[PDB]
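Sharing a structure below in structure tokens format, with a few things to ask.
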Amino acid sequence: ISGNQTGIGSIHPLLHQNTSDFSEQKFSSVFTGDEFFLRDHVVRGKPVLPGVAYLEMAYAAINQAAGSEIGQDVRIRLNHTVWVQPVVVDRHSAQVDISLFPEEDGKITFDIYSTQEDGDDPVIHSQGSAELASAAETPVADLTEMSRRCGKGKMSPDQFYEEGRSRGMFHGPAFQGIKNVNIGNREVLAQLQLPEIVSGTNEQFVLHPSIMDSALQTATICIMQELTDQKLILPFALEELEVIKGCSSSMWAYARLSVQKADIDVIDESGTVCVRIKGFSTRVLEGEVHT
Ligand SMILES: [Cl-]
Ligand code: NA
Ligand code: NA
């Protein structure tokens with residue numbers, strides 16, 4: 001707590017202030033489009049808050065609200081999460097709020113939403129649920145076997161990011177986390193690296209938007225295998241996300257097909273699975289993003 005000793009700051013770059021009242025646990029943030037996760041995530045000309053920023057926002061909110069209930073052997077697990085309507089930050093700043101509702105069974109539901117003026121009908125951008133889970137069992141990946149099965153072709157960053165720009169998905173420097181992609185049959189293995197432009201941010205995030213979006217990029221490569229060539233697809237839902245361990249700045253994303261859903265493991269150099277996602281799905285965007 002700063003109070004008057006020094007200037008009061010954000011709780012987290014995606015969770016600026018606690019605005020909780022007797023009716024509701026809630027937080028509020030203001031984004032202008034200058035942030036790395038907006039300027040470098042541009043969907044047919046419009047900066048859009050990426051899916052992965054909502055996951056980290058929920059994670060940070062839950063970690064704040066649940067406080068000392070989170071001991072060393074307790075992990076946050078996100079359950080079924082949907083992205084309903086995009087946050088577009090083109091002409092004017094966006095005020096993005098999150099409310100958390102602790103349920104009787106120990107689950108937590110969250111809404112992420114915005115309003116233009118006070119007491120407007122909120123626009124719902126995303127909705128999900130979560131629970132606190134007993135650590136228990138750190139899964140491991142066989143990166144050797146994964147490589148071996150993904151030997152059907154190599155996709156370079158220059159290929160991938162250019163194909164994106166061609167479809168209208170502009171990943172700027174902070175979101176070019178993919179270093180290499182090995183293509184398998186209904187599975188892919190990508191090497192990830194935190195881009196140098198955000199190398200000073202690795203301690204600020206648990207789910208780092210650069211790394212996590214590069215993981216979802218990897219899954220979209222896997223999914224696009226089974227779709228029309230030049231379709232832009234964007235995150236639509238995920239069924240589960242478990243944070244096992246802290247993500248480092250060199251990682252791997254393994255994605256496999258299960259709407260076409262994908263499972264994704266984000267893996268450190270040692271082979272430890274750090275984040276595990278199940279049932280990630282996408283939807284095609286035609287035309288421009290609207291809200
Ligand atoms: Cl657009
Ligand atoms: Na995205
Ligand atoms: Na993509």
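Side chains are part of it too, since the values below use all heavy atoms of this structure and drop only hydrogens, waters and symmetry mates. Counting from 1, the numbers follow the sequence of the chain as shown.
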Between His125 and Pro86 (side chain of the first, backbone of the second, donor and acceptor by atom type, cut-off under 3.5 Å), is there such a pair?
yes

Salt-bridge present (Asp265, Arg256; N to O < 4.0 Å)
no

Taking the side chain as C-beta and beyond, is there a heavy-atom pair between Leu257 and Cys222 under 4.5 Å?
yes

Take a 6.0 Å sphere around CD1 of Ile197 and say whether it holds more than 12 heavy atoms from other residues, nucleotides or ligands.
no

Any side-chain heavy-atom pair of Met155 and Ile183 under 4.5 Å
yes

Shared ILVMFWY cluster between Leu234 and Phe170, side chains joined below 4.5 angstrom?
no

Please determine whether a side-chain nitrogen of the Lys or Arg among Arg276 and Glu242 lies less than 4.0 Å from a carboxylate oxygen of the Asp or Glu.
no

Around atom CD of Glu145, are there more than 12 heavy atoms of other residues, nucleotides or ligands at under 6.0 Å?
yes

Spell out, yes or no, whether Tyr54 and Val30 are grouped together once hydrophobic residues are joined by side-chain heavy atoms under 4.5 Å, including indirect joins.
no

Does anything in residues 201-214 pair up under salt bridge (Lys or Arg N to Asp or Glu O under 4.0 Å), and if so which pairs, sequence neighbours excluded?
none

With the 4.5 Å side-chain cut-off for hydrophobic clustering, are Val42 and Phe160 part of the same group?
no

How long is the span from the OG1 atom in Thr138 to the NZ atom in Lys245, to the nearest 0.5 Å?
8.0 Å

With side-chain contact (heavy atoms from CB on, under 4.5 Å) as the test, would you mind laying out the steps for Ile178 and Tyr161 before giving the verdict?
CA-CA 9 Å; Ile178 292 183; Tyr161 290 117; 3.4 Å; yes

Just wondering, do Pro209 and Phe175 contact through their side chains at under 4.5 Å, heavy atoms?
yes

Listed once per pair and sorted, the salt bridge (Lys or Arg N to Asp or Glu O under 4.0 Å) pairs that draw on residues 32-42, sequence neighbours left out:
none

Indicate, with yes or no, if the rings of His16 and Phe31 have centres closer together than 6.0 Å.
yes

Go through the structure and list residues passing salt bridge (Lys or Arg N to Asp or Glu O under 4.0 Å) with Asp121, not counting sequence neighbours.
none

Quick check, are the ring centers of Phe205 and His12 under 6.0 angstrom apart?
yes

